[PDB]
2 protein chains.
Amino acid sequence: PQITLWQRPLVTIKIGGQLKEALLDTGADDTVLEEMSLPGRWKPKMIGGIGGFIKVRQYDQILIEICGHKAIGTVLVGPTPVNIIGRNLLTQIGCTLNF
Amino acid sequence: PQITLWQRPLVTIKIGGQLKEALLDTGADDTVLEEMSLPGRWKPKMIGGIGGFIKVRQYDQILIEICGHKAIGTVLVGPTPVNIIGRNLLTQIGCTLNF
Ligand SMILES: CNC(=O)[C@@H](NC(=O)[C@H](OCc1ccc(-c2cccnc2)cc1)[C@H](O)[C@@H](O)[C@@H](OCc1ccc(-c2cccnc2)cc1)C(=O)N[C@H](C(=O)NC)C(C)C)C(C)C
């Protein structure tokens with residue numbers, strides 16, 4: 001579809017059988033979700049953004065559905081104020097910026 | 001043009017007669033630029049990012065050219081790791097997300 005930016009580009013995503021709201025963020029290199037439980041091993045990591053860095057748990061090869069489109073990739077879990085879908089997954093669903 | 005997301009969507013912007021690179025950021029409500037000098041009075045604003053909140057200087061009706069597209073709007077100046085072109089300006093140049 002074509003999503004305008006008059007409002008925040010929020011979409012529904014499905015991960016681990018849970019339905020959640022997330023922001024399509026072209027400014028984010030990675031995907032970061034609110035604290036939740038995921039299967040498998042994880043690695044500690046620090047990610048920075050506006051306001052500084054936060055500590056997150058890194059899980060690889062996680063399956064996520066974005067507006068029907070399935071995508072696999074790394075997902076970071078931590079104290080983020082909003083769920084962020086970054087470029088690592090945006091590319092997988094063929095999302096592009098146009099003007 | 002059509003921009004893919006395999007790399008950061010960095011573009012060249014012109015402001016105050018100078019060229020700088022910035023990120024087309026759909027995850028940002030506002031446009032935030034690294035410390036610089038701008039004309040006029042400024043007002044205070046507190047913005048929140050992934051790592052917390054930071055104080056910035058708000059300048060209004062600032063002319064900024066993004067990839068040949070002229071825009072005039074509000075720009076925030078503060079301690080940001082990178083220049084960010086937010087939705088307030090992306091809408092002015094007709095930018096949309098597609099997939
Ligand atoms: C390498 N690091 C990244 O790639 C990081 N990217 C960013 O932070 C992007 O910024 C560019 C950027 C790129 C690289 C580095 C970097 C770092 C270290 C080293 N090198 C480069 C630093 C910044 C984002 O799109 C940013 O813009 C946006 O984040 C999403 C968001 C939206 C709403 C609330 C939110 C907060 C409070 C209430 N409601 C919502 C909280 C967060 C955000 O903070 N939006 C704000 C917003 O819209 N707030 C409402 C505006 C005002 C900026 C990711 C790991 C998340």
# chains A, B, ... in the order shown; residues from 1 in each chain; ligands from 1
$ interface_residues --of "chain A" --to "chain B" --cutoff "7 Å" --atoms "only C-alpha atoms" --output "CSV table (one decimal) with C-alpha atoms, in the first residue's frame"
chain,number,residue,atom,x,y,z
A,1,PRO,CA,0.0,0.0,0.0
A,2,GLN,CA,0.9,3.7,0.0
A,3,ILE,CA,1.2,5.2,3.5
A,4,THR,CA,1.2,9.0,3.8
A,5,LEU,CA,3.0,10.7,6.7
A,6,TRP,CA,0.4,13.1,8.0
A,23,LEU,CA,6.1,2.3,13.9
A,24,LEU,CA,7.6,1.9,10.4
A,25,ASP,CA,10.9,3.7,11.0
A,26,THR,CA,13.2,4.4,8.1
A,27,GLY,CA,15.5,6.2,10.5
A,48,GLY,CA,21.6,4.6,20.7
A,49,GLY,CA,19.1,7.1,19.5
A,50,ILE,CA,17.8,10.5,20.4
A,51,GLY,CA,18.4,10.9,24.1
A,52,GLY,CA,21.2,8.4,24.5
A,53,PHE,CA,21.6,4.6,24.7
A,54,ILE,CA,19.5,1.8,26.2
A,80,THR,CA,11.7,1.3,24.2
A,81,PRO,CA,8.8,3.7,24.5
A,87,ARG,CA,15.3,-1.1,8.0
A,91,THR,CA,13.7,-4.1,3.2
A,93,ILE,CA,8.8,-6.6,2.8
A,94,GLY,CA,9.9,-4.4,-0.1
A,95,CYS,CA,9.2,-1.0,1.6
A,96,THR,CA,10.5,2.1,-0.2
A,97,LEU,CA,10.5,5.8,0.3
A,98,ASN,CA,9.1,7.8,-2.6
A,99,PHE,CA,8.6,11.5,-3.6
$ residues_around --residues "residue 43 of chain A" --least-positions-apart "4" --cutoff "8 Å" --atoms "only C-alpha atoms" --output "number ranges by chain"
A: 57-59
$ closest_residue --among "B:31, B:61, B:37, B:74" --to "ligand 1" --atoms "only C-alpha atoms and all ligand atoms"
B:31
$ select_by_dssp --residues "chain B" --states "strand (DSSP E)" --output "VMD selection string"
chain B and resid 2 to 3 10 to 15 18 to 24 32 to 33 43 to 49 52 to 66 69 to 77 84 to 85 96 to 98
$ atom_distance --atom1 "atom 10 (O, counted along the ligand's line) of ligand 1" --atom2 "atom CA of residue 83 of chain B"
8.6 Å
$ atom_distance --atom1 "atom CA of residue 19 of chain A" --atom2 "atom 45 (N, counted along the ligand's line) of ligand 1"
22.7 Å
$ atom_distance --atom1 "atom CA of residue 75 of chain B" --atom2 "atom 56 (C, counted along the ligand's line) of ligand 1"
20.5 Å
$ decode --residues "segment 67-98 of chain B" --atoms "C-alpha atoms" --output "compact mmCIF listing (two decimals), in the first residue's frame"
# COMPACT_ATOMS: atom_id res chain seq x y z
CA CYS B 67 16.99 17.00 -2.77
CA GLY B 68 16.05 20.03 -4.84
CA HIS B 69 12.68 20.32 -3.10
CA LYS B 70 12.22 23.60 -1.25
CA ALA B 71 10.49 23.44 2.11
CA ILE B 72 9.84 26.06 4.77
CA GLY B 73 9.02 24.95 8.26
CA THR B 74 9.96 24.34 11.85
CA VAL B 75 13.44 23.05 12.61
CA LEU B 76 14.81 21.92 15.97
CA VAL B 77 18.50 22.28 16.84
CA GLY B 78 20.04 20.16 19.57
CA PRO B 79 22.45 17.38 20.60
CA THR B 80 21.52 14.91 17.88
CA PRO B 81 23.85 12.19 16.54
CA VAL B 82 22.62 12.86 13.00
CA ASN B 83 20.58 15.40 11.08
CA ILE B 84 16.98 14.18 10.98
CA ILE B 85 14.30 15.17 8.46
CA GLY B 86 11.02 14.36 10.20
CA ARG B 87 7.40 14.06 9.10
CA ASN B 88 6.74 17.78 9.40
CA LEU B 89 9.00 18.26 6.37
CA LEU B 90 8.59 14.90 4.64
CA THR B 91 4.92 15.79 4.12
CA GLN B 92 5.94 19.08 2.51
CA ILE B 93 7.89 17.26 -0.19
CA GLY B 94 5.18 14.64 -0.75
CA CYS B 95 7.12 11.71 0.69
CA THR B 96 5.27 8.41 1.23
CA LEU B 97 6.08 4.85 2.30
CA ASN B 98 5.24 2.13 -0.19
